[PDB]
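Asks:
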Amino acid sequence: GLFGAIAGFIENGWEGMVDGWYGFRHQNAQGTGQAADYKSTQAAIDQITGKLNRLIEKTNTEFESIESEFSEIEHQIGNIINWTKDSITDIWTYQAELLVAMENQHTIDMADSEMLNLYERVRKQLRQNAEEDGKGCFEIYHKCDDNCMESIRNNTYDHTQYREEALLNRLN
Amino acid sequence: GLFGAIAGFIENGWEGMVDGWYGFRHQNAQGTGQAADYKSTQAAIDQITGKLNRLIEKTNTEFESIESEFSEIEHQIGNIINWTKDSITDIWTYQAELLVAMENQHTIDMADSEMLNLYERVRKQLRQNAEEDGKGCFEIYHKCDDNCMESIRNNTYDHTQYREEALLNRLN
Amino acid sequence: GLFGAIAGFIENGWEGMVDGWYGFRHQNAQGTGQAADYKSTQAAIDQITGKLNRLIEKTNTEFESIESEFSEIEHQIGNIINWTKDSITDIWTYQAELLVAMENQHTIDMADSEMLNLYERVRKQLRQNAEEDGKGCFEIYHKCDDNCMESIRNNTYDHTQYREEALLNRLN
Amino acid sequence: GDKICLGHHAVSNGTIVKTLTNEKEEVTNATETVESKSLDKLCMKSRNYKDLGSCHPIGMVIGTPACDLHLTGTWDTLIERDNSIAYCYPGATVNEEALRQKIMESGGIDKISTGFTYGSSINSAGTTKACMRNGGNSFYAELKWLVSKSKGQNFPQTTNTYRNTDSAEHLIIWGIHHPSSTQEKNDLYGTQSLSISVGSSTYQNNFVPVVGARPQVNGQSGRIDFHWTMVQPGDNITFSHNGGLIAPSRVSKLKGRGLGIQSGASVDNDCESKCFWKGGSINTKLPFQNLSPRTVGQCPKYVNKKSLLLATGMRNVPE
Amino acid sequence: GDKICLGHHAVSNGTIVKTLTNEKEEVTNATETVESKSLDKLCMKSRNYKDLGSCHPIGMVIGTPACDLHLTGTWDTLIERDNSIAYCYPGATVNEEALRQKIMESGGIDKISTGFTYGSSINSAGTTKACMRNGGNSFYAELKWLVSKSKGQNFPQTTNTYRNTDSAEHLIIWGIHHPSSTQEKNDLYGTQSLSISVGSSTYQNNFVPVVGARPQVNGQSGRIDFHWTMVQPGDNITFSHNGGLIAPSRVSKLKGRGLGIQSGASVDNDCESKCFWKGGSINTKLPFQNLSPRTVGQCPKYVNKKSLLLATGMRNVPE
Amino acid sequence: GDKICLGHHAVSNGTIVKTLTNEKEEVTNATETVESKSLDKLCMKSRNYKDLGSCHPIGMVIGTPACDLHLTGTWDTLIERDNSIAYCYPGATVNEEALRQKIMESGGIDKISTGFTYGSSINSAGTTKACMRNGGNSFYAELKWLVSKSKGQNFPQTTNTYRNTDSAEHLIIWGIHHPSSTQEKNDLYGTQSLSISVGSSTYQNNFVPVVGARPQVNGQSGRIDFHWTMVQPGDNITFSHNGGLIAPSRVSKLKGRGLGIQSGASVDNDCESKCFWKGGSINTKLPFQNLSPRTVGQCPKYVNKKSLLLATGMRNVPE
Ligand SMILES: *[C@@H]1O[C@H](CO)[C@@H](O)[C@H](O)[C@H]1NC(C)=O
Ligand SMILES: *[C@@H]1O[C@H](CO)[C@@H](O)[C@H](O)[C@H]1NC(C)=O
Ligand SMILES: *[C@@H]1O[C@H](CO)[C@@H](O)[C@H](O)[C@H]1NC(C)=O
Ligand SMILES: *[C@@H]1O[C@H](CO)[C@@H](O)[C@H](O)[C@H]1NC(C)=O
Ligand SMILES: *[C@@H]1O[C@H](CO)[C@@H](O)[C@H](O)[C@H]1NC(C)=O
Ligand SMILES: *[C@@H]1O[C@H](CO)[C@@H](O)[C@H](O)[C@H]1NC(C)=O
Ligand SMILES: *[C@@H]1O[C@H](CO)[C@@H](O)[C@H](O)[C@H]1NC(C)=O
Ligand SMILES: *[C@@H]1O[C@H](CO)[C@@H](O)[C@H](O)[C@H]1NC(C)=O
Ligand SMILES: *[C@@H]1O[C@H](CO)[C@@H](O)[C@H](O)[C@H]1NC(C)=O
Ligand SMILES: *[C@H]1O[C@H](CO)[C@@H](O)[C@H](O)[C@H]1NC(C)=O
Ligand SMILES: *[C@H]1O[C@H](CO)[C@@H](O)[C@H](O)[C@H]1NC(C)=O
Ligand SMILES: *[C@H]1O[C@H](CO)[C@@H](O)[C@H](O)[C@H]1NC(C)=O
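Protein chains in written order, with the entry's author numbering: chain F, 1 to 172; chain B, 1 to 172; chain D, 1 to 172; chain A, 0 to 318; chain E, 0 to 318; chain C, 0 to 318.
(1) Is there a Cβ of chain A sitting closer than 8 Å to that of B:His26, yes or no?
(2) Nearest by alpha-carbon distance to D:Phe70: which of C:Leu38, C:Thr160, C:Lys277 and C:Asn94 is it?
(3) For ligand 3, I want to know if B:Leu52 counts as a neighbour, meaning its beta carbon is within less than 7 Å of at least one of the ligand's heavy atoms.
(4) Along the stretch 10-34 of chain B, what residues have a CB closer than 7 Å to any CB found in chain E?
(5) From D:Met115 to D:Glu132, what does the alpha carbon distance come to, in whole angstroms?
(6) Would you mind reading off the limits of the beta strand (DSSP E) that contains F:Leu168?
(7) Terminal residues of the continuous alpha helix (DSSP H) containing D:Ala43?
(8) Distance cutoff 8 Å, beta carbons only. Does C:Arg249 sit that close to anything in chain E?
(9) Just how far apart, CA to CA, sit D:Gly1 and F:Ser40?
(10) Taking the Cβ atom as the reference point for each residue, do D:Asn117 and C:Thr18 lie within a distance shorter than 8 Å?
(11) Alpha carbon to alpha carbon, what distance is there between A:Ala9 and B:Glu120?
(12) Does the beta-carbon of residue 186 of chain B, which I'm using as the reference point, lie nearer than 7 Å to any heavy atom of ligand 3?
(13) Check F:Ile66 in the structure and name its three-state DSSP category.
(14) So, does the stretch 299-313 of chain A touch the stretch 279-290 of chain A, judging by three or more C-beta pairs under 8 Å?
(15) Between E:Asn28 and ligand 5, is there a pair consisting of the residue's CB and a ligand heavy atom that are separated by less than 7 Å?
(16) For the stretch 202-216 of chain E against the stretch 157-166 of chain E, do three or more pairs of beta-carbon atoms, one drawn from each stretch, fall closer than 8 Å, so that the two count as touching?
(17) Near ligand 9, which residues have their beta-carbon closer than 7 Å to a heavy atom?
(18) With a threshold of 8 Å between beta carbons, is C:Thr158 in contact with chain A?
(19) Work out the CA separation of E:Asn21 and A:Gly312 for me, nearest whole Å.
(20) Kindly list the residues whose CB is nearer than 8 Å to the CB of F:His159, restricted to its own chain and excluding five residues on each side of it in sequence; keep chain order.
(21) For E:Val216, collect the residues of the same chain with a Cβ closer than 6 Å to its Cβ; drop the 5 residues on either side in sequence, then sort them by chain order.
(22) Please state if the CB of F:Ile6 and the CB of F:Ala101 are separated by a distance shorter than 8 Å.
(23) In this structure, does DSSP put D:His75 in helix, strand or coil?
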């Protein structure tokens with residue numbers, strides 16, 4: 001969509017991922033793995049909760065009856081009330097329809113953004129030592145065991161430490 | 001703008017491009033060419049159509065006359081009507097002004113985004129075989145004839161096939 | 001946030017920077033320096049000013065009193081007025097609340113975007129002669145004196161002039 | 000190196016719109032959201048309309064000559080014009096505006112007879128030159144001007160009650176004659192105190208005809224005060240009177256729902272529309288309109304803008 | 000090379016919502032913003048309510064038998080039902096609606112005695128079978144049907160004035176008897192012209208009882224017209240009369256503020272609520288509701304949508 | 000390696016605002032959108048204002064002594080104060096509020112003479128010590144208290160008609176005297192039934208002065224009830240009366256448009272403003288204000304927020 005990741009260059013979601021909203025999935029000599037990203041998932045959830053906290057919990061103002069439900073009244077003043085009340089209903093239904101439409105547009109685009117941010121984070125972390133597949137993956141030009149994969153997942157991966165050889169295998 | 005492409009790093013539009021909204025333009029040994037991108041152009045148009053379908057052909061609710069055009073009415077009740085009507089006009093004009101303002105902000109920023117996405121697509125396709133000019137162009141460090149240019153335009157370009165030469169020319 | 005720069009990969013602001021909103025800061029053999037970017041700072045300020053010029057300065061429509069401040073009016077017609085007025089106050093307070101909320105969301109995300117656009121600008125200027133640190137900095141693989149630093153800040157830096165050396169220092 | 004460049008289109012014929020940031024953004028294309036055009040006519044295609052012409056809605060219920068073609072009917076749309084006639088013998092109805100509104104929202108009226116009979120000493124067919132038909136003097140078709148059969152004689156104490164035997168409420172109108180001279184009162188009714196009381200289970204009121212001089216319309220210096228109620232199904236309404244009552248001969252049943260239009264625009268049976276105003280008819284898919292806050296039907300919302308352009312293209316950056 | 004891939008979650012269990020662009024977007028989850036459920040009861044927990052049952056608010060002020068339990072009280076919430084009784088002897092009050100509203104907005108009523116005394120030749124305890132208590136004929140508790148003590152006797156010219164010595168305005172109601180026959184008038188009052196005048200500093204009016212036949216309700220063919228004003232603190236209100244007045248014995252002071260509810264729903268003392276309508280009670284944190292534009296208290300805003308889903312997840316792209 | 004780093008500014012001096020996702024966002028700067036300050040004065044610079052002081056708008060039309068300076072004039076702005084005087088002889092006008100409003104929106108009044116003459120047996124110059132000018136007793140400047148020239152004598156049946164020969168509608172006010180005693184009625188008018196009828200082509204009404212005992216204000220126990228209409232251009236309005244009418248000597252033409260302000264704030268001729276309320280004047284470029292729902296002119300919209308900050312800087316991330 002806006003940020004080109006969700007329903008963009010990442011072709012689809014993972015239904016197996018239930019620990020979080022965004023996450024990682026790897027393959028190296030020791031096999032395959034899956035793991036969720038805490039920071040990005042929490043970033044997205046908190047902003048949805050923010051939205052929910054604003055639409056729930058508002059304090060309403062007091063209103064009294066200006067009609068009678070039972071001793072239906074007089075006609076001229078009634079028509080003025082019906083008019084005014086329908087005119088207001090149009091206003092609130094429209095606003096509601098707009099509010100939700102635009103909040104939704106924003107939620108969807110926000111979620112796309114947090115996915116892109118997670119991509120960009122990792123791309124910069126791998127420095128010269130990987131290449132982008134174009135599908136949401138990075139191909140790592142050095143041998144990256146399960147601890148190395150974890151380093152990438154908690155932003156502790158040291159570029160210096162594998163640069164020598166990454167470059168060497170990129171030189172081909 | 002928001003995504004930094006349209007009226008950003010791409011200096012200007014192409015008036016010669018009339019087949020689509022976004023597109024390609026190349027230069028190699030055999031000369032120059034121009035061609036539109038379908039998938040990005042369609043992406044943008046469909047979302048504008050979506051917007052138009054929401055605003056146009058909504059069903060309105062019925063209102064009757066609460067005043068008389070012909071027989072002036074009690075002055076006190078008239079003033080209450082004028083007041084309420086003007087109060088409602090202020091509300092609708094403001095909303096309309098807001099609606100259009102924000103939809104337009106979004107349409108423009110959407111269109112910028114689809115342009116960026118098309119850039120990012122091609123960048124990832126060329127892998128290490130090209131470099132970004134900074135002006136919207138990619139300089140290709142291998143000899144890319146018209147069939148090669150088409151391969152990029154229909155996502156069939158295999159970077160592997162030209163990688164060894166590209167890297168060699170990057171290293172000089 | 002949305003564009004991942006402000007309160008994203010750039011870990012904090014500079015309080016020493018008072019010449020502008022976004023800017024540069026360097027370190028080379030001759031020491032350190034700080035300088036603001038005109039184009040990006042102006043881009044951000046102008047859109048805030050635009051927003052302010054739409055909300056301030058609006059022309060209002062004329063209203064007369066439909067109540068009396070001094071003389072008790074019929075209780076029935078009074079209740080209809082109170083109702084209508086409270087009904088309209090609810091509408092305006094809600095809209096104001098919404099207007100500001102969403103304009104603020106946009107202002108914040110706009111400002112993030114301009115910071116990203118400045119990053120991207122410089123990244124493309126340095127071509128293959130530098131590498132991204134991941135926290136907002138570029139490490140330059142050639143010796144870049146004060147004139148070279150200014151060339152980057154004024155978009156006159158020619159990568160070709162330092163390319164052979166840069167690549168050599170990237171490779172060993 | 001060989002090069003491939005990415006870009007977008009532009010146009011030489013650019014358009015300006017408003018955003019949150021900017022009041023003049025060139026975009027490639029844009030479309031209007033505020034309707035400004037109206038048709039000079041009332042688009043009645045495929046509606047059972049009733050054009051009242053010179054008849055005023057209230058004249059349909061009391062039976063003014065101008066309203067003879069419109070004493071009954073069904074319609075989904077009623078059209079009022081601006082100098083329509085309500086009264087032949089001069090007068091005024093209490094809560095005229097409410098009554099006018101109930102009829103304009105009614106979608107049809109049927110007339111049910113009251114069956115009131117009077118007996119001799121009452122002449123129940125008073126006529127006047129103020130309400131002419133063919134030939135000669137007449138009166139409102141739905142009412143009877145009751146009068147002493149003998150010029151000077153006291154009008155008899157009389158009682159008439161109407162009973163609603165339908166399952167819908169009926170509208171009863173009646174009049175009270177305020178004569179121009181003590182002479183005229185004496186000749187039409189007694190020389191006696193006049194008094195008229197009207198009572199149902201949900202309504203109750205008393206009236207006194209008042210003698211006095213008022214400008215001739217046009218016609219007469221007397222006047223008639225019209226009064227009305229709804230009679231509920233199964234309820235009875237009784238009139239006790241001794242001179243001065245203008246009695247109902249028929250009551251009215253308003254039938255369903257209809258759209259009431261006040262306009263001077265002429266009718267056109269070849270266009271359709273769901274929206275109308277004084278200036279005619281408005282037919283558009285746009286959500287807003289420019290033309291009037293005072294409209295009826297299913298209408299776009301009125302706004303104070305000449306124009307509001309929605310962008311339908313990207314930012315326009317020419318070569 | 001070894002591979003690390005980035006991805007987001009999805010569900011097979013997808014939900015559809017609306018955006019600015021698209022009317023059908025699958026998202027992973029979403030939540031309702033329009034309340035559609037109401038409770039079929041009136042949630043009165045922790046409120047001083049008063050359920051009037053068969054009593055109509057107006058009967059509280061004149062003292063109809065049906066309203067004996069509700070002639071005084073304090074409350075923060077008043078509940079009216081649909082075929083509540085206001086009148087025993089048939090009649091109507093002028094500006095009934097305003098009066099009904101002042102009471103429903105009042106939060107309590109106290110009754111203050113007028114102290115009117117009459118003296119012999121007046122029997123001030125007239126009763127009727129239309130207003131039964133136990134045993135036998137009665138009358139409105141807050142009024143007195145004054146009548147000549149002797150059947151045919153002329154009713155004495157009388158004057159009574161009530162003085163508001165409180166610091167709050169008081170509500171006075173009175174009635175005027177419109178008898179059914181000249182015979183009945185003669186027996187209750189004189190054979191003389193009747194006339195009643197009422198006057199304060201802020202109010203002034205005259206009345207004439209009118210003899211005439213009207214449908215039996217049901218009960219009687221006579222009627223009473225109730226009239227009322229507020230007497231300002233320190234002001235006097237005087238009644239001058241010679242037969243036909245239905246005099247106040249007690250006036251009313253309305254006390255503060257309260258929420259007036261019109262509903263047929265039955266009361267429940269173990270739920271709480273700040274929002275009510277005819278169909279009962281609405282208790283929700285959602286900003287909008289589906290159930291009625293006609294609601295009272297602190298209510299979500301009424302909208303014309305069955306449903307409006309707010310996305311609480313990302314776009315859903317399954318495998 | 001040498002390095003170049005990109006960054007943004009921050010401040011220690013942070014500000015908190017609200018967004019769609021967060022209720023506490025620090026930003027570098029922000030600006031208020033809700034006006035909370037008002038000026039304690041009425042900013043009248045470059046307006047033709049009329050400050051009525053002690054005069055009530057209605058007194059301008061009947062000619063109360065307090066309003067002698069304001070019987071005619073043109074203005075674009077009218078100012079009413081809180082204990083302004085409308086009546087000298089105690090009384091009230093029907094639809095007082097509508098009348099008050101028409102004048103406050105009028106931008107000027109001119110007085111046109113009725114030309115009513117009465118002839119002997121009528122003394123048309125009744126005065127009272129309730130309406131003092133000096134020396135001595137007076138009456139409303141625009142009306143005449145007509146009375147039998149001889150104390151006990153019956154007041155002659157009389158007829159006066161006023162004819163609007165202008166091309167603008169005129170406002171006619173008249174009064175009806177409600178005397179305190181049958182003795183007072185007898186002395187001012189006949190011992191006869193009084194009746195006053197008023198009739199034009201578009202207006203028709205009847206009145207009966209009514210006698211009764213009432214509190215003194217201030218002054219008198221009698222009263223006057225004022226009634227009014229518009230007379231259309233070319234129309235005639237006739238008064239038929241035999242005692243009790245308080246006749247117009249002058250009618251009023253309301254001229255154009257003006258802004259009516261009700262306030263006790265004192266005037267200031269050095270500031271300008273387009274917005275006013277009871278507490279004074281509001282002058283701001285902000286779209287919303289905090290001060291009152293009850294405002295007049297071109298006003299920002301009233302809201303129930305103390306403050307709403309609009310971010311004018313980026314997110315604030317300190318060192
Ligand atoms: C791209 O697609 C076309 C059909 O549109 C296909 O025939 C062609 O072979 C493809 N391009 C190349 C360079 O093979
Ligand atoms: C010019 O642009 C307008 C919209 O701005 C469009 O309606 C029209 O078809 C275009 N015509 C030409 C000749 O470009
Ligand atoms: C302008 O927009 C409308 C729909 O909004 C469309 O019908 C038309 O194609 C557009 N004009 C051009 C030149 O694209
Ligand atoms: C009058 O109407 C009542 C219904 O309220 C009915 O019971 C009664 O029979 C009617 N009287 C006559 C004479 O028809
Ligand atoms: C669905 O969204 C709601 C929003 O309140 C949330 O509470 C719930 O945990 C979500 N459930 C799933 C299965 O995502
Ligand atoms: C009547 O009212 C006035 C105040 O309006 C008061 O001065 C006077 O005491 C009252 N009369 C009596 C007899 O109490
Ligand atoms: C602090 O911020 C305010 C805005 O909130 C600004 O106008 C002011 O100049 C600042 N003051 C100082 C001392 O930096
Ligand atoms: C804070 O706000 C206003 C504009 O919104 C500006 O004039 C003022 O100087 C600002 N202060 C600073 C330090 O930027
Ligand atoms: C009274 O006014 C009418 C207009 O309704 C006019 O025709 C007539 O001439 C006027 N009176 C006289 C005597 O002219
Ligand atoms: C609105 O009020 C009118 C009377 O003016 C009434 O006929 C109608 O029933 C009311 N609306 C509804 C939904 O009943
Ligand atoms: C609104 O009603 C007033 C009378 O209260 C009238 O003077 C005015 O003309 C009406 N508005 C318009 C635009 O005519
Ligand atoms: C950067 O631009 C300035 C113009 O302000 C120019 O004088 C300067 O020479 C440029 N940079 C260098 C390194 O020369």
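Every residue gets a Cβ at the ideal spot worked out from N, C-alpha and C, and that includes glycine.
Replies: Put simply:
(1) For B:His26, the answer is yes, since a Cβ of chain A falls inside 8 Å of its Cβ.
(2) Among C:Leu38, C:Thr160, C:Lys277 and C:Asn94, the Cα nearest to that of D:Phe70 is on C:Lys277.
(3) It does: the Cβ of B:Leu52 is within 7 Å (strictly closer) of some heavy atom of ligand 3.
(4) The residues in question: there are none.
(5) Spanning the two alpha carbons is a distance of roughly 15 Å.
(6) From DSSP, F:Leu168 is part of no beta strand (DSSP E) but of the alpha helix (DSSP H) over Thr160 to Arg170.
(7) Residues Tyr38 to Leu55.
(8) It does not: the Cβ of C:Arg249 has no partner Cβ on chain E nearer than 8 Å.
(9) Take the alpha-carbon of D:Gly1 and the one of F:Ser40: they are about 11 Å apart.
(10) No, they are not a contact pair.
(11) Straight-line measurement puts the Cα of A:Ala9 at about 21 Å from the Cα of B:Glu120.
(12) The first residue shown for chain B is 1 and the last is 172, placing residue 186 of chain B beyond what the model contains.
(13) Judged by DSSP in its simplified three-state form, F:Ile66 adopts coil rather than helix or strand.
(14) The stretch 299-313 of chain A makes contact with the stretch 279-290 of chain A, as at least three CB pairs between them are under 8 Å.
(15) Result yes, Cβ under 7 Å from ligand 5.
(16) At 8 Å Cβ cutoff, the stretches do not touch.
(17) In chain order, the qualifying residues are A:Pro214, C:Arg162, C:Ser200, C:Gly233, C:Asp234 and C:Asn235.
(18) Output row for C:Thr158: interface = yes.
(19) CA-CA distance, A:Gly312 to E:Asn21, rounds to 17 Å.
(20) If the five residues before and after F:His159 are omitted, its C-beta is found closer than 8 Å to the C-beta atoms of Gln125, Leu126, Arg127, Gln128 and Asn129, all from its own chain and listed in chain order.
(21) Within the same chain, Cβ atoms closer than 6 Å to the Cβ of E:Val216 are found at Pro89, the five residues on either side in sequence being excluded.
(22) No, Cβ-Cβ distance for F:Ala101 and F:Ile6 is not below 8 Å.
(23) D:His75: helix per DSSP, three-state reduction.
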